[PDB]
Amino acid sequence: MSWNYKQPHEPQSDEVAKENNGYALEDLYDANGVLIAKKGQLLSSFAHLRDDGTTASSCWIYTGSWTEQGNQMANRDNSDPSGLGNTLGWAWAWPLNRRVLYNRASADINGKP
Amino acid sequence: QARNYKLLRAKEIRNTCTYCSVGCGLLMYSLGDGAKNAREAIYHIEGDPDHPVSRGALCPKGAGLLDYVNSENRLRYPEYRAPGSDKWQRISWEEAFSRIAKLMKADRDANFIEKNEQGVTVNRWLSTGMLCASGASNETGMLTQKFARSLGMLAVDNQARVXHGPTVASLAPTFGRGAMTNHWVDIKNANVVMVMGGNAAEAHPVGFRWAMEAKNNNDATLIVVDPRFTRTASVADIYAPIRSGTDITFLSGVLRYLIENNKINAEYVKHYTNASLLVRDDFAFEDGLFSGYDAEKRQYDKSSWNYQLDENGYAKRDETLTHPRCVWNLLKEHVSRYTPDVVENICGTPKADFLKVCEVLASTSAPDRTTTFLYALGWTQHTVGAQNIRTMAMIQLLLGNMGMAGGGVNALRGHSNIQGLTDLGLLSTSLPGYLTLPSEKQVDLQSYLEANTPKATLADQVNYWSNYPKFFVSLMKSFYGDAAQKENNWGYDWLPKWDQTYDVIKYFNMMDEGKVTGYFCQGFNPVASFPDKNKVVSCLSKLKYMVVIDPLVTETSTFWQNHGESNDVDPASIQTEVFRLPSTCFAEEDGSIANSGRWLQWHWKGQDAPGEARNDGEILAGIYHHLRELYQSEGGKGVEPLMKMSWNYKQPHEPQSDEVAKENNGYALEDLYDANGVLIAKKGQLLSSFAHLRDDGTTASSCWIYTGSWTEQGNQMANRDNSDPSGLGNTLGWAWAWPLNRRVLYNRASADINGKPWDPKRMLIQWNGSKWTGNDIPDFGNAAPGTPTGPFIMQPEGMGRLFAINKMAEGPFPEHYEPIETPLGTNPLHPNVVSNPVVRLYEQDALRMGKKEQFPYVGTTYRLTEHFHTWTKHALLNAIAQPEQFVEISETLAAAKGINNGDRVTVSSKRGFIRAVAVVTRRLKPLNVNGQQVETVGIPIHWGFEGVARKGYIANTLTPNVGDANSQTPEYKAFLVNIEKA
Ligand SMILES: Nc1nc2c(c(=O)[nH]1)N[C@H]1C(S)=C(S)[C@@H](COP(=O)(O)OP(=O)(O)OC[C@H]3O[C@@H](n4cnc5c(=O)[nH]c(N)nc54)[C@H](O)[C@@H]3O)O[C@H]1N2
Ligand SMILES: Nc1nc2c(c(=O)[nH]1)N[C@H]1C(S)=C(S)[C@@H](COP(=O)(O)OP(=O)(O)OC[C@H]3O[C@@H](n4cnc5c(=O)[nH]c(N)nc54)[C@H](O)[C@@H]3O)O[C@H]1N2
Ligand code: SF4
Ligand SMILES: [Mo+6]
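Here the protein sequences come in this chain order: A and A'. A prime marks a further copy of an entry chain. The opening position of the first sequence corresponds to residue 678 in the deposited numbering, with each subsequent residue numbered one higher. The opening position of the second sequence corresponds to residue 34 in the deposited numbering, with each subsequent residue numbered one higher.
Written as structure tokens, this is what we have:
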């Protein structure tokens, strides 16, 4: 079992949070040959996780919580553009910041609300 | 010990002063820390020390804002006044919206005009009109534009009509744009500061700090030329008097002096102005009239007021300036009549004073010395207003001061956002971005674009308006979205087409004839601000309905109420249904407003509005949705153009400021590529420059000159970097200025033809071998030094115009004409043509004009530093500062009438009277004019019948109902009155 912390007797919160988010262990490419992530970088989505050993994450639903863009859990933008009380800029929700689960069902089969 | 500091735990909010165009920064303090359970309440306001223009300062108006925000006269609930009633009745918002929508639909269905007599679709509505709020945000402005035009309205004006309309009418033809050319802090770089046609120390005090910086720390000479010795004169090096309405004579005299003494920047003139262009042989001027005058129509056929054309269709030139028909030689001939004796005889300005002014101005013809002119209403509010400005602009071109730091034409704007509303086109025939609504003669898109897209008149010019189609199609995409396609000409026919301009004087003439059913007054108080108040009240009384939207009680909202002599009406005889809707003020919404220097500045909300007051966009939305729903279920006339207008906001009943600001900036509707195949923008992204707008429907922007204000990099109007690397006072990192953040317009002219600065200590732009760079964003393309490309890029010839070809209504050169009501009863320069020969004067108004035998004194109206129009009298602090109405007269006139200082007097005109306290002073002195002694009676415009200051009389009770021949801006600055002891 790994315990890869700079100070083994004092693991830091940011180290563990980043492990939970996940990393690319090799450069990663999409199907069109476009680089999606570089070796050593934090992953931006669980959609980028792979089953071949080139990605790591100790909690896949948390991928996106602390990316190369920073600690999203520290976001403090309370803007609510729709007036519905949805604040996508405050902290970070799993999965992938979706605040209301099953929201495709907020519309009918033709996509009308 | 001292009481504790009262703001230690208050919420601090950044905002901008709501009164004048200086745009001073504010720091407002509210009780409460923003928690949901605490209802914020602003309890103190002071300046923002980091703001580059104000640096923490605030004049008495800005410093007293707390008393306006918390005025006892703030509106709280929707109120209704029934026909013939003498009282208000409170109603709900839903009642107000439904009643108003019903009244509007009935009127629109009865009077909407789908087609004109020539069979052209015009979709216009003329029986209901609107006055728009120059004191409200740009976002409110755009919503108002969409509201008004989608309904087909053409009688849509904002304060510009009675203010700087003449400036746009003159500076655009002369330089290419109608805006103030430099900016506030830049004034500190001047060597000579000229305050003429304005009173900056009282009308723009914090901005005036920079003129004092020029004087005190740049060794500049401050000159004031005004009929009164004002508070600006108090600090001036030189003061010279002038009779109201004679500026063209004084300024033309300066032109004569400069030319005769060769006090001009010759190379600047030769290359940057149209001095070398040849004028048609049939152009002429004699005895007060230019060629082409039609005495029956009282208009000019301007065919001869043009350049001779060469073999390639461009203007012919004579670089040697020896040809008798070159603009230069014709200008010399035209101003030859304005000798110092003529100036003294007509203006009353003593020759010794006029000489002092001429000499000082002349000292700035040197390439490294500049004069900057600071002006406003002293010049605009005349029947020859636009021509007053033409003359001064010509002076700045001869001196080589345009495009220079510390030079230029600082036409000081009025209302906090009159610049924004002008930019957004809230004027009868305008559209946003200085675009124009189609005239009814332009039957299709092609004809419309051809009429508005100018062909270059000299080769190798930028002639940027050639891009008009891109701006227009982009505007249509913003308005109509998917409904605008190539197939239906981008929705071309949905816009109302005009048969004429529906300016306010014309519209009230129509109202007096019973042709106007309803009227909206959004942040505009015409009973106080329009000329001939007695007639205005009589006109409004004929309306079937009126809707007032304001954060305060206004005289207009209570025009039907009897207030004694101040408003002697009989409520029972006035059948108008009046709706008074409570709105927010500047401190209660976020949004942007454009200051005089073209700076779009963002501000933030500090508290909720009192009672049931709502923001302007919410009020418009409430009425609009109720009205459109009526059309959805009942049908009616002009249904399609109304229903096609977009209102794409997340909450349709509450459009947000950021949504509208982004629409104004613009979007890419498809991925966009440059000519080399490189992606410039992705579908859905905000555009970074108007250079990316297209005419094929792939881009949208509801105000092209604002593209760059809110990009993918964020809200630039919220930028707060006050860095000034050059020391010239240019702060590119504070807010965002149009166009494309260029702070000093025409800056290519800050350097000579070889790209060398006229003054090496004031470099604005320079050539690096491949592009122009410097201390300001170049107002230019990439033309290398030595090429023929002119520095005035919006001009088809790329030059500043000394001769304005066919652009001005009364002549390509300015000419002295007396005010309609003149103390002389004649014009010494040409008795056969006394006043402007192209002025429009309705018969009913001609009957209300007085003559010198009954009204011998010159009457003029103006401001006092302590009050803002009839608005601040609702604020206690300002009422304390100047509590009671007064008028100013000389010691000579007072002695002749037996008036002691402080005595009560009655000032009257052919149209009415006011009574007030007399301020007798040596600051007003009679002048010797054409053999007579001419006296002036000064009338400040701040009192009335609503407010907490002592009750008074509307100053406009005295003013004439006639205006500038170009914009129809009223002649509020020069008329005739009489005075008697009271
Ligand atoms: N204190 C205060 N500030 C204001 C406002 C306000 O109400 N109060 N309003 C704001 C607005 S909306 C605007 S447009 C500006 C305008 O601001 P300005 O035009 O500078 O101000 P005014 O006080 O209208 O008057 C101009 C000066 O011209 C003089 N004058 C009168 N007739 C003539 C004439 O024919 N020739 C010349 N050369 N001078 C003449 C007057 O005595 C006066 O001192 O003010 C803005 N700033
Ligand atoms: N005699 C004479 N006449 C003049 C002039 C002159 O020199 N002499 N000058 C002319 C000029 S240049 C001008 S600009 C006019 C001005 O005259 P007006 O603009 O009619 O007068 P103001 O008193 O400035 O009032 C306008 C309204 O804006 C309201 N307002 C404030 N914020 C908002 C808001 O956010 N929303 C809404 N809906 N309303 C708001 C204010 O409370 C106020 O009632 O006077 C003109 N008439
Ligand atoms: S009225 Fe003008 S000068 Fe005075 S504080 Fe407000 S913006 Fe500044
Ligand atoms: Mo004004």
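Where is the CB? At the ideal position from N, CA and C, for every residue including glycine.
For residue i, three-class secondary structure by DSSP
i, result
"residue 365 of chain A'", "helix"
"residue 327 of chain A'", "strand"
"residue 838 of chain A'", "coil"
"residue 986 of chain A'", "coil"
"residue 421 of chain A'", "helix"
"residue 127 of chain A'", "helix"
"residue 525 of chain A'", "helix"
"residue 920 of chain A'", "strand"
"residue 192 of chain A'", "helix"
"residue 39 of chain A'", "coil"
"residue 900 of chain A'", "coil"
"residue 56 of chain A'", "coil"
"residue 531 of chain A'", "strand"
"residue 725 of chain A", "helix"
"residue 351 of chain A'", "coil"
"residue 736 of chain A'", "coil"
"residue 272 of chain A'", "strand"
"residue 575 of chain A'", "coil"
Whole-angstrom distance between residue j and residue i, CA atom to CA atom
i, j, result
"residue 741 of chain A'", "residue 426 of chain A'", "29 Å"
"residue 104 of chain A'", "residue 1000 of chain A'", "35 Å"
"residue 716 of chain A'", "residue 699 of chain A'", "12 Å"
"residue 323 of chain A'", "residue 339 of chain A'", "13 Å"
"residue 294 of chain A'", "residue 491 of chain A'", "31 Å"
"residue 772 of chain A", "residue 691 of chain A'", "28 Å"
"residue 769 of chain A'", "residue 727 of chain A", "46 Å"
"residue 508 of chain A'", "residue 278 of chain A'", "40 Å"
"residue 502 of chain A'", "residue 154 of chain A'", "21 Å"
"residue 244 of chain A'", "residue 720 of chain A'", "37 Å"
"residue 684 of chain A", "residue 763 of chain A", "39 Å"
"residue 620 of chain A'", "residue 99 of chain A'", "10 Å"
Neighbour flag for residue i against chain A, beta carbons, 9 Å
i, result
"residue 640 of chain A'", "no"
"residue 73 of chain A'", "no"
"residue 696 of chain A'", "no"
"residue 3 of chain A'", "Outside the modelled stretch of chain A', which goes from 34 to 1015, sits residue 3 of chain A', for which no answer is possible."
"residue 683 of chain A'", "yes"
Short Cβ contact (9 Å threshold) for residue i with residue j
i, j, result
"residue 459 of chain A'", "residue 178 of chain A'", "yes"
"residue 792 of chain A'", "residue 543 of chain A'", "no"
"residue 47 of chain A'", "residue 64 of chain A'", "no"
"residue 941 of chain A'", "residue 853 of chain A'", "no"
"residue 653 of chain A'", "residue 664 of chain A'", "no"
"residue 62 of chain A'", "residue 43 of chain A'", "yes"
"residue 478 of chain A'", "residue 527 of chain A'", "no"
"residue 995 of chain A'", "residue 379 of chain A'", "no"
"residue 571 of chain A'", "residue 56 of chain A'", "no"
"residue 857 of chain A'", "residue 810 of chain A'", "no"
"residue 584 of chain A'", "residue 554 of chain A'", "no"
"residue 826 of chain A'", "residue 209 of chain A'", "yes"
"residue 575 of chain A'", "residue 602 of chain A'", "no"
C-beta neighbour in chain A' for residue i, strict 9 Å
i, result
"residue 735 of chain A", "no"
"residue 760 of chain A", "yes"
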